[PDB]
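Visitor: First to last, the sequence lines map onto chains H, V, A, S, Y and L. Sequential numbering from 639 applies to the first sequence in our numbering. Sequential numbering from 1180 applies to the second sequence in our numbering. Sequential numbering from 3 applies to the third sequence in our numbering. Sequential numbering from 7 applies to the fourth sequence in our numbering. Sequential numbering from 941 applies to the fifth sequence in our numbering. Sequential numbering from 26 applies to the sixth sequence in our numbering. All C-beta atoms in this analysis are idealised placements derived from N, C-alpha and C, irrespective of residue type, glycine included. The structure is given below, and queries will be raised subsequently.
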Amino acid sequence: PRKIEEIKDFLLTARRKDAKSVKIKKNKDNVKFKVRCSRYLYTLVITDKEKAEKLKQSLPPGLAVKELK
Amino acid sequence: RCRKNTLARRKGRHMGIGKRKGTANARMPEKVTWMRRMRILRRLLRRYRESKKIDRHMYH
Amino acid sequence: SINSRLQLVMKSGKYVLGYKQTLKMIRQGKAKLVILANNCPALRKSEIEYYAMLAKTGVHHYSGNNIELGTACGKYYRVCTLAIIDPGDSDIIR
Amino acid sequence: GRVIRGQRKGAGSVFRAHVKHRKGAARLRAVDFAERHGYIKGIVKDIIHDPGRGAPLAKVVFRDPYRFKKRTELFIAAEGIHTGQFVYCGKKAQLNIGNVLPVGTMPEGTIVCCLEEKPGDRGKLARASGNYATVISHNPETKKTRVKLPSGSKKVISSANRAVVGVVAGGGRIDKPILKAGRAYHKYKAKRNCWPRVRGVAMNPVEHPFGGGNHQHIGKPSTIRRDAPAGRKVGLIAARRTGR
Amino acid sequence: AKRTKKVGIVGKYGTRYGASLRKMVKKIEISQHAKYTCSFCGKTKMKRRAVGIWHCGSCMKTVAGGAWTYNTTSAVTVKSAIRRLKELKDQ
Amino acid sequence: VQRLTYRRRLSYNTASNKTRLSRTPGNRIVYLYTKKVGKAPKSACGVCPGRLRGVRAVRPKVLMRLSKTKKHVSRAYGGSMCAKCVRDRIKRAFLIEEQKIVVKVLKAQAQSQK
RNA sequence: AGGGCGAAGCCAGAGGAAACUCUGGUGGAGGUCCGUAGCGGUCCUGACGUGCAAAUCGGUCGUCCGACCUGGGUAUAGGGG
RNA sequence: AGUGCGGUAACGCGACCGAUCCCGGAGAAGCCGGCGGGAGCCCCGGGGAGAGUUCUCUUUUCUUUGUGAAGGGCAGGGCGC
RNA sequence: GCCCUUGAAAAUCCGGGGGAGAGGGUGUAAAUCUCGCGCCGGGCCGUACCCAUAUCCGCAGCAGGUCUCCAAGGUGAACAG
Ligand SMILES: [Mg+2]
Ligand SMILES: [Mg+2]
Ligand SMILES: [Mg+2]
Ligand SMILES: [Mg+2]
Ligand SMILES: [Mg+2]
Ligand SMILES: [Mg+2]
Ligand SMILES: [Mg+2]
Ligand SMILES: [Mg+2]
Ligand SMILES: [Mg+2]
Ligand SMILES: [Zn+2]
């Protein structure tokens, strides 16, 4: 797997053709964003909750966004 | 029951001549006892030197 | 003999022992002479020999091996290359 | 009765030589225009140990003078050879140590080893450990040279055939006592199955001609013909004189 | 003679092998384990690696020498003769 | 104490069958089989006993995978030969050629003299 | 396994005019000793002797860093190995 | 003009043309000792969760108390650079 | 440290030296021992269990024999009992 550091970078990785499920783990104090691809499972740690809630909307065409519980 | 007895062995007990089967060197190896000492005294010496307590030549 | 004239140089004159330091002395153009032990590595010697040629400096091949030369500098260590910057009052330099 | 130990060593099988870890043959360089007419220069890349051999060897690398290619050899080390030394060889080779040149060139009293018994053989006489030959004397016509071998014999030789100047390295090996049987065992194991050797006197009289008896004695004379069928030729073969 | 009067190196062998042999071994047994001087750098590091092959650890100069000594006498005497004859031939 | 078994049909403890202990997320100590220890390449000089710098000492059939930069170093004779032996080769090869020129000059003067 | 003995080398101190010698350490040699697993197989002329066994069992023993033990592969075949 | 650039240097940076030919390395090395680092296990002192004991004593005794490979970072080792 | 013991080959994989060639003509090329990502594939045979005081060999569920890995607490020099 691969961790990502820029909210833009994860948005670009999510926008690929190969991608699919962009599941979202609210850990408390963390809120990850795991986006599977062909090769790698990209994750992105977004410490803020409101910023995670904002990003939630910014995934594009109708991807899975299979929120995790 | 063991733990209790180990606490006795700490106090210096069940440890006299008649409860030793091994040689002294087996019980505490002379080499190890030496190694400790050098590693102490040498450490004391180079701490002294590196505080300007003792000079190069004394140290040596 | 050279051992006698050196003795005086080491006592009174300025000098430098060893390859890393003497090549720096020649390269400055201060070194007036360069003594080489006989056992010195062949590449090293020829390198030094060329550095003297460029700096118009004397090169004296010592009769002895680097242990003898260091003994001959009055040091308990062994020296293969030695430069003589300023002789004190000797006629090591002719 | 039996085929005796001795007759059996000829069939090889168990008594063949052990040669896994042996580093190669210990030849001389093969002759060619350069060797024949001038001198080819090579360098001693390393000095080596060769199991079952008291002499150390020397990887000596030359340059093939036809293909761009660094050919290499295994000389037996002349004593005083060392690495990063050059090893010149040929007719016009300089008469210093570890320097293979024809016996005809080199002067009288010149000590050599790995000396070619017949021209072009690649080094056959005197290649043991502390051993060498001495060039006695030359006959300019007939192109022949007389050489004194380590056995004492004074063999005649073609002046063309080469030798390395100097003696073989690792001399005086046999001054050290072995002491331990173990130390013997370990010697011959890197060579061949020839060690703990049982005296024919010990054996029953089917496996050796000295065998049998109620007392460990020989019973017949231990000297013997060499017009002797293999199976009797045992003890002292063709022994000219026998005692101390 | 701190620990032994007269065995030294060959005290390892204990009683075994006989007095003469052990005396005979002491000469070699010493020389072979001796650290000699590398006539190449001049450090005291010439150490027998295996029979007839001595290696300087610093110089990295492996040197075909004797079985129990960096030099045999034979080798030395042979060296000088060859040098003499070399000079006699060329002039 | 949790004792354990080998994970493969190779029973014997060999060069091939080397292991290590690992605690899993399942909380059971399990053997993992270990990869052999790769060596850095030694120098082309052959005297310098020390192995080369700036090269990933890894089992040779891996090198395949690795990038070029891991496998070598930016120098002439890079990742084949230690620096010291290059800068001695360099000045050797130079100084030799200067003397060859000097002997050529002494030869040419001798021809002109004779 | 674990112990014993403590060879070269090394340190200090003391003596010695020198040669070098003593004292205390350190060091860890060896087909070295004890002794386990291992390998073996001394004695009881023990057990057993239509056996557990067409050679086994028990104690007692030898050896246990080396001419050590040992799997697989491979070689040598009958007046032959 | 342009088959990449940085560092005094060890060397570095995500890539950095290239044949036959040549050289080198890795694969690729005995046994034994000593010392050191890293883990697994043991041990000790406590936190919890469940236990057993409780005639008297026992802040009890017992169990259990996790993070694969592959990446990235950083200790910690080593260097005959 | 030990050796009159010096302790495997090869398949495979890489590095370097060389510089025969190739590339496009001022926005692109050939080039990536290619950097990052993307796509497709990996056939064949073995895979149960026993592995030993009852799955093996000793005519047997025979006190025999038969190569390895893992290896807790106490006592104790100790994988001794
Ligand atoms: Mg008999
Ligand atoms: Mg007969
Ligand atoms: Mg295998
Ligand atoms: Mg690099
Ligand atoms: Mg009986
Ligand atoms: Mg009966
Ligand atoms: Mg029964
Ligand atoms: Mg199975
Ligand atoms: Mg079982
Ligand atoms: Zn080098």
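Tell me which same chain residues have a C-beta within less than 7 Å of the C-beta of S/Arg-28, skipping the five on either side of it?
Guide: Translated into positions along the fourth sequence, residue 28 of chain S becomes position 22. Same-chain partners within the cutoff: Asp-56, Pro-57 and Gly-58.
Visitor: I'd like the ranges of any beta strand (DSSP E) spanning at least 3 consecutive residues and lying wholly in the region 54 to 130 of chain S.
Guide: Here the runs fully enclosed are 63 to 67, 78 to 82, 92 to 95, 106 to 108 and 116 to 119.
Visitor: Which full runs of the alpha helix (DSSP H) of 4+ residues lie inside the region 42 to 71 of chain A, going along the chain?
Guide: 44 to 56
Visitor: Which word fits V/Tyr-1238, buried or exposed, when buried means at least 16 other C-beta atoms lie within 10 angstroms of its C-beta?
Guide: Translated into the one-based positions of the second sequence, residue 1238 of chain V becomes position 59. By the 10 Å Cβ count, V/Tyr-1238 comes out exposed.
Visitor: What does the Cβ neighbour count give for Y/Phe-980, buried or exposed, with the cut at 16 atoms within 10 Å?
Guide: Here the question's residue 980 of chain Y lines up with position 40 in the fifth sequence. Answer is buried; the Cβ neighbour count reaches 16.
Visitor: CB-CB under 6 Å to S/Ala-64, same chain, minus the five flanking residues each way: which ones, in chain order?
Guide: Residue 64 of chain S sits at position 58 when you count from the first residue of the fourth sequence. The answer, listed in chain order, is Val-50, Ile-53, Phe-81, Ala-83 and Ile-87.
Visitor: Under the three-state reduction of DSSP, which class applies to Y/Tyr-976: helix, strand or coil?
Guide: Start at 1 with the first residue of the fifth sequence, and residue 976 of chain Y comes out as number 36. Strand at Y/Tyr-976.
Visitor: Hey, is Y/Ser-971 close to ligand 3, as in C-beta under 6 Å from one of its heavy atoms?
Guide: What you label residue 971 of chain Y is simply residue 31 of the fifth sequence in a count that begins at 1. Because no heavy atom of ligand 3 lies under 6 Å away, the Cβ of Y/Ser-971 does not count as near it: no.
Visitor: What are the residues of the region 36 to 54 of chain A that lie near chain Y, defined by any Cβ-Cβ distance shorter than 7 Å?
Guide: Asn-41: these are the residues of the region 36 to 54 of chain A whose beta carbon lies less than 7 Å from some beta carbon of chain Y, given in chain order.
Visitor: Along the chain, where does the alpha helix (DSSP H) that runs through V/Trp-1213 open and close?
Guide: Taking the first residue of the second sequence as position 1, residue 1213 of chain V is located at position 34. 1209 to 1228 is the span of the alpha helix (DSSP H), which, as asked, contains V/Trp-1213.
Visitor: So does S/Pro-215 have its beta carbon nearer than 6 Å to some heavy atom of ligand 2?
Guide: Position 209 of the fourth sequence, counting from 1, holds the residue named residue 215 of chain S. For ligand 2, at least one heavy atom lies less than 6 Å from the Cβ of S/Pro-215.
Visitor: How many angstroms separate the CA atom of S/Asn-105 from the CA atom of Y/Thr-944?
Guide: Your numbering for residue 105 of chain S matches position 99 in the fourth sequence. Your numbering for residue 944 of chain Y matches position 4 in the fifth sequence. Rounded to whole angstroms, S/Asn-105 to Y/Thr-944 spans 48 Å at the Cα level.
Visitor: Give me the Cα-Cα distance between S/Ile-142 and A/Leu-84, rounded to the nearest whole angstrom.
Guide: Position 136 of the fourth sequence, counted from the first residue, corresponds to residue 142 of chain S. Position 82 of the third sequence, counted from the first residue, corresponds to residue 84 of chain A. Using only the alpha carbons, I get a separation of about 48 Å.
Visitor: Could you pull out every residue in the same chain whose Cβ sits closer than 8 Å to the Cβ of S/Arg-42, ignoring the five residues on either side in sequence?
Guide: Position 36 of the fourth sequence holds residue 42 of chain S. Hits under 8 Å: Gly-96 and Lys-97.
Visitor: Count Cβ pairs between the region 68 to 76 of chain L and the region 92 to 111 of chain L that sit closer than 8 Å; are there 3 or more?
Guide: A contact between stretches requires three or more CB pairs, one per stretch, nearer than 8 Å, and the region 68 to 76 of chain L meets this requirement with the region 92 to 111 of chain L.
Visitor: Taking A/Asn-5 as the query, report the chain Y residues whose CB atoms sit under 9 Å from its CB, ordered along the chain.
Guide: The residue labelled residue 5 of chain A in the question sits at position 3 within the third sequence. Against A/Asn-5, chain Y offers no close residue; the least beta-carbon distance is about 17 Å (beta-carbon pairs closer than 9 Å).
Visitor: Alpha carbon to alpha carbon, what distance is there between S/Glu-79 and A/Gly-20?
Guide: Along the third sequence, one-based indexing puts residue 20 of chain A at 18. Along the fourth sequence, one-based indexing puts residue 79 of chain S at 73. Each residue's alpha carbon lies about 39 Å from the other.
Visitor: Output the boundary residues of the beta strand (DSSP E) element that contains S/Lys-161.
Guide: Taking the first residue of the fourth sequence as position 1, residue 161 of chain S is located at position 155. 160 to 164 is the span of the beta strand (DSSP E), which, as asked, contains S/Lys-161.
Visitor: Would S/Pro-113 pass as an interface residue toward chain Y - the criterion being a Cβ-Cβ separation below 7 Å?
Guide: Along the fourth sequence, read from residue 1 onward, the residue named residue 113 of chain S stands at position 107. It does; some Cβ of chain Y falls within 7 Å.
Visitor: For the candidate residues H/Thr-685, H/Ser-696, H/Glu-643 and H/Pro-699, whose alpha-carbon lies nearest to that of H/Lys-663?
Guide: Working through the first sequence from its first residue, we reach residue 663 of chain H at position 25. Out of H/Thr-685, H/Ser-696, H/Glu-643 and H/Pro-699, H/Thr-685 has the C-alpha closest to the C-alpha of H/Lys-663.
Visitor: Beta-carbon separation of H/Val-660 and H/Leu-697 under 7 Å?
Guide: Here residue 660 of chain H is taken as the residue at index 22 of the first sequence, counted from 1. Here residue 697 of chain H is taken as the residue at index 59 of the first sequence, counted from 1. Their beta carbons are under 7 Å apart, which means H/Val-660 touches H/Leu-697 by this criterion.
Visitor: In angstroms, rounded to a whole number, what distance separates the CA positions of A/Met-27 and A/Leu-71?
Guide: If you number the third sequence from 1, residue 27 of chain A lands on position 25. If you number the third sequence from 1, residue 71 of chain A lands on position 69. Each residue's Cα considered, the two are about 19 Å apart.
Visitor: If we define contact as Cβ-Cβ less than 7 Å, is Y/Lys-983 a contact residue for chain S?
Guide: Along the fifth sequence, read from residue 1 onward, the residue named residue 983 of chain Y stands at position 43. Judged by the 7 Å Cβ criterion, Y/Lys-983 is not in contact with chain S.
Visitor: When you compare the CB positions of L/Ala-40 and L/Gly-63, do they come within less than 7 Å of one another, or not?
Guide: As a first step, residue 40 of chain L must be located in the sixth sequence, where it is residue number 15. As a first step, residue 63 of chain L must be located in the sixth sequence, where it is residue number 38. Their beta carbons are not under 7 Å apart, which means L/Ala-40 does not touch L/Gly-63 by this criterion.
Visitor: For a test of the three-state rule: what should DSSP assign to A/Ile-95, helix, strand or coil?
Guide: For the purposes of this step, residue 95 of chain A is taken as residue 93 along the third sequence, with counting starting at 1. Coil, per DSSP.
Visitor: Taking 7 Å as the CB-CB cut-off, is Y/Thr-1012 touching chain S?
Guide: Taking the fifth sequence and counting its residues from 1, one reaches residue 1012 of chain Y at position 72. Cβ-Cβ to chain S under 7 Å: yes for Y/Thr-1012.
Visitor: Would the beta-carbon of L/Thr-59 fall within 7 Å of that of L/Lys-43?
Guide: Residue 59 of chain L sits at position 34 when you count from the first residue of the sixth sequence. Residue 43 of chain L sits at position 18 when you count from the first residue of the sixth sequence. Cβ distance < 7 Å, so L/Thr-59 and L/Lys-43 count as in contact.
Visitor: Identify each residue in the region 64 to 77 of chain A for which the Cβ-Cβ distance to at least one residue of chain Y is less than 8 Å, and report them in chain order.
Guide: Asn-67, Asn-68 and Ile-69
Visitor: Once DSSP output is grouped into helix, strand and coil, what is the label at Y/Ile-1022?
Guide: Position 82 of the fifth sequence, counted from the first residue, corresponds to residue 1022 of chain Y. The three-state reading of DSSP puts Y/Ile-1022 in helix, counting H, G and I together.
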